[PDB]
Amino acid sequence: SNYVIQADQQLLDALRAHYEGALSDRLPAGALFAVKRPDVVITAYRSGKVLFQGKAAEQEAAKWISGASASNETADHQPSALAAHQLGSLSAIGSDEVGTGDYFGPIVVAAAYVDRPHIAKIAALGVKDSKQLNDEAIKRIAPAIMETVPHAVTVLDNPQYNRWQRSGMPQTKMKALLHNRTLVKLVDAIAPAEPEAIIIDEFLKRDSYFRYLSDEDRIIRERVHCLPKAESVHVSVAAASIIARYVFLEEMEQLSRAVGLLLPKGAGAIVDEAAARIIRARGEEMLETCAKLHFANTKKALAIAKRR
């Protein structure tokens, strides 16, 4: 009977560093390392799952955690890691968007193509968990990525955003279109070369994604992979996220300057106050150039502006 446990980063590091001669090659999808011990085999996965197989399975597990539960589970491929295992080391294009939830500013979509020989370099930039990175880190990392790897960007300015919106196009359709047109730009820019894979986050069903591109004159579908939390599948995705955020910050700086008032991020109370200040200082129509009007924030700001 095998035993399983859930190990945090500290437990995984200890487990690996503990025994001598841990193996890392030819392992199942998701597996980090495997240890060949007498009467027991240890296998650790990205998810933190650690499998103990063998006669001394229960004895070995107890050496690390109390409450080692028994399982029929075997040291096999993890479904959550099947794509990453195959796509991880391929030269791929990755895309991501930003600004969809920001009342002020546009929606920015970026695509990045990381060729096999550039994977390590990009990864060395600490692109992992780009979400945690602050704006100052984005300004230092982004430019380094943009000069090392080819990329494409499509910016949906507010005036055009509002125009598509008042005609009935939902944000979802906006994102799909922006992704498709950005991938088109990058695919053409890197030709004759061709990406081994093209990864897009599953911000919506694949079927719905392409359905939205029905009228597109050019649709990139060949070798397109729609995966959840894709930035964990290939570095090109994390690269695209960082680039998108950098461009967004840039657009906001320029937008704040055109409007003449610092535009905060998000759609919280401060945003409503800011918009009220804009309405009073530059007029209501100024929002058409810098905000996503259909947002609830617009009505809230209008009230604040008229109250005094």
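Each residue number is its position in the shown sequence, starting from 1.
Set 208-216 against 188-196 and average the Cα temperature factors; 208-216 ends up higher. In this entry, 62-70 has the higher mean Cα B-factor, the comparison being between 62-70 and 274-282. Between the residues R257, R37, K265, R245, the entry's highest C-alpha temperature factor is the one at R37. Of the candidates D115, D129, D102, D96, it is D129 whose Cα B-factor is highest according to the PDB record.
In the PDB entry, a CA B factor belonging to the middle third of its chain's modelled residues is recorded for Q10. Ranked against the other modelled residues of its chain, the C-alpha B-factor of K292 as given in the entry falls in the lowest third. For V149, the recorded CA temperature factor ranks within the middle third of the chain's modelled residues. Annotation for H179: CA B-factor lies in the lowest third of the chain's modelled residues. Among the modelled residues of its chain, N134 has a C-alpha B-factor that falls in the highest third, as given in the PDB entry.
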